């Protein structure tokens, strides 16, 4: 039979940081072919690294490759390419450990994506429709990393990302246009101001700003210089605080002096909500990723209680694309959104279960990328697959980001008049 998987093959390659990762290629009997590349950035499914400090600083992925070829290959070769779920469970079972540590979630995912991309090819249909069935129409309102703080910046800013969103644009094409044009308008401002216009891991700037206020304030300046409004009818802001980064576990506080230098405001759970609340009043923020630590459940509860109805609140690391942690989130009214990083969980099925569960709680599934990305564009299709309405794939520079933006332009076009773009209406959690 022609649908049947006859080859599965991995090799080591580079992600967009200059670090190894892997691709898996799957052939069917028929000639059909798919290529699954894997990205890379605690409760998060393990990615296998060689540890050999004399190869790529021990970030080699030969371990992973050798598991795809010598173990997963033999097990999987034989299945029908379309048994997307039979296969993902095979690998999971085969692996046997809860956080995919035996074979590694890079190995597993790789295969799993390859097989889908192969099956979509086999049936001679786009990836989003294979994945999603026939009712895939919605193009994601994207949230575009434009300024960086935290580890990435040297400026006195703790929040890791500052993003934007063309919620007010009619089509995703225009939305991207909008988004780009501001990025160039900002880039200009940053030159006139004498700050660094080189870009970090997600294609954003990370300039030496005065602090968090100057940070937002200029993103707004940019928006206006481009000639868009700053609201529901224009462009709006978001954060990834990555607060788990500046949380002191023993003092159980949000230590801003780590990133904003001595004489900076150390905050408790309650104060932290109050700051974020301030920010939201002051500004047209619409989303806030990791407002809190990944083990600060009480905090999360309160945060979401306060802004839960004004502002979309996304648990990134607080859920790790993982049903177990998310169900608890739902139960305890812990967020109203979730960041869906496919490699964080390891297979597409588990990824879809996660995206599914979240919808039925009135939680938005934000499909996201990882810092270490690839020429792959699978996640773009995943946001259309599920009509998720949202996507975080980075800034408007570096093909690691723009591959997806293009990929989505492709999907917009291929969908002709069928395509929708929900802008602000994608926030069914509000």
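Positions refer to the first chain, counted from 1.
- In this entry, is the chain continuous from residue 41 to residue 42, or are deposited residues missing in between (none, 1 to 3, 4 to 9, 10 or more)? Unmodelled stretch: 4 to 9 residues.
- Query: Taking only the CA atoms, which stretch has the higher mean B-factor in the record, 188 to 196 or 234 to 242?
  - Reply: Between 188 to 196 and 234 to 242, it is 188 to 196.
- Item | 328 to 336 or 175 to 183, whichever carries the higher mean Cα B-factor | 328 to 336 has the higher mean C-alpha B-factor.
- Name the one of 121, 353, 294, 277 with the greatest CA B-factor according to the PDB entry. Among 121, 353, 294, 277, the PDB entry lists the largest C-alpha B-factor for 294.
- Message: Given 217, 260, 201, 83, identify the residue with the highest C-alpha B factor in the PDB entry.
- Response: The C-alpha B-factor peaks, among 217, 260, 201, 83, at 260.
- Item | Third assignment of residue 397 from its chain's C-alpha B-factors | According to the entry, residue 397 has a C-alpha B-factor in the chain's lowest third.
- Compare the C-alpha B factor of residue 170 with those of the other modelled residues in its chain, then answer lowest, middle or highest third. Its C-alpha B-factor belongs to the lowest third of this chain's values.
- Item | Third of the chain's Cα B-factor distribution that residue 63 belongs to, per the entry | Within its chain, residue 63 is a highest-third residue by C-alpha B-factor, going by the deposited values.
- Message: Going by the CA temperature factor in the PDB record, which third of the chain does residue 45 belong to: lowest, middle or highest?
- Response: Its C-alpha B-factor, which the entry lists for residue 45, ranks in the middle third among residues of this chain.
- Message: When the deposited Cα B-factors of this chain's modelled residues are ordered and cut into thirds, is residue 70 in the lowest, the middle or the highest one?
- Response: Ranked within chain, residue 70 CA B lands in the highest tercile.
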